[PDB]
Amino acid sequence: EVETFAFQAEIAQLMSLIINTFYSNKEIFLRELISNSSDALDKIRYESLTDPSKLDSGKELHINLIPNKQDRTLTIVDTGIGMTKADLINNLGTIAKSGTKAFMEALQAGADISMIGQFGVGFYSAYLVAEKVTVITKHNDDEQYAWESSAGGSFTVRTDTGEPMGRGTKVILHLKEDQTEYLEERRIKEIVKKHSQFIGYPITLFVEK
Ligand SMILES: CC1CC(=O)N(c2ccc(F)cc2F)C(=O)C1
């Protein structure tokens, strides 16, 4: 059972700009997704300070980066607070309407795409490198859901029957054919060292057979 939704017009406009603008510095997508994961991990950590049972769904707070060259996917996994179904539908827990407005007002005034995270919509930088993005998520207060979009103005949400995650979010980037450098170990390591050196959670880069 799959529900299909239209993006708000402003969010479709944001995605089109990310997809269509000539902009070579695409590697910042990974910094933005890792930053989102860190923010989600901070949230569950804070809740656990007054209610330890919030971690019954998983005590480890971490970020995993999982390249798969056979599937042409890069997956960013975190054990953060996760997202409810309502969060997913409401622009993956962001204030994306007002964030997009501010971001586009910054671009025509000199800013570049790399500053997207300062406007709270860094998730959408995934479309710098991905033709399709799948988001699997589990929040303590809801069931496990899968969000998906290839842009084009719509996204889907369905209950996820895949492998249970316990708690957190998995962002699966189905990479564009010409963006496979982001599956190479040395390239991922370089980006993490350059942009994510001060993230306060272990970032484990998985290797492939
Ligand atoms: C809490 C997560 C941690 C993790 O990393 N994984 C995972 C492991 C391998 C893989 F390919 C995809 C994953 F989401 C899980 O399933 C549970």
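Neighbour counts are summed over all protein chains in view; Cβ atoms, including those assigned to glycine, are modelled from backbone coordinates with ideal geometry. All of the numbers you see were taken from the coordinates with simple rules; none came from a lab.
Quick notes on this one:
- Matching residues in segment 147-176 - criterion: being surrounded by 15 or more Cβ atoms within 10 Å (Cβ to Cβ), among the charged types (D, E, K, R) and not in a strand (DSSP E or B): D160, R167, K176
- Residue list for segment 48-61, filter: under 23 Å from the mean Cα position of the chain (by Cα) and under 13 Å from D141 (Cα atoms): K54, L55, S57
- Only one of the listed residues (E10, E27, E3) is of a type in the set (D, E, K, R) and closer than 18 Å to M104 by Cα. That residue is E10.
- Flag if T79 is surrounded by 22 or more Cβ atoms within 10 Å (Cβ to Cβ), within 14 Å of the ligand (Cβ to nearest atom) and among the hydroxyl-bearing types (S, T, Y): yes
- With respect to the conditions (1) free of Cβ contacts under 8 Å to residues at least 60 places away in the same chain; (2) under 27 Å from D71 (Cβ atoms), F119 lacks only one, and its number is (2).
- Residue check for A102: surrounded by fewer than 17 Cβ atoms within 10 Å (Cβ to Cβ) and either in a helix (DSSP H, G or I) or aliphatic (A, V, I, L, M) (or both): yes
- Candidates in segment 59-76 are the residues that are of a type in the set (D, E, K, R) and over 16 Å from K132 (Cα atoms); of these, the one that is nearest to the ligand (Cβ to nearest atom) is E60.
- Residue that is farthest from the chain's Cα centre (by Cα) [pool: residues in segment 125-141 that are within 16 Å of the ligand (Cβ to nearest atom) and not in a strand (DSSP E or B)]: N140
- Residue within segment 196-204 that is more than 12 Å from the ligand (Cβ to nearest atom), in contact (Cβ under 8 Å) with a residue 60 or more places away in the chain, in a loop (DSSP other than H, G, I, E, B) and hydrophobic (A, V, I, L, M, F, W, C) present: yes
- Verdict on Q118 being assigned to a helix (DSSP H, G or I) and either away from the ligand (no atom under 15 Å from the Cβ) or surrounded by fewer than 22 Cβ atoms within 10 Å (Cβ to Cβ) (or both): yes
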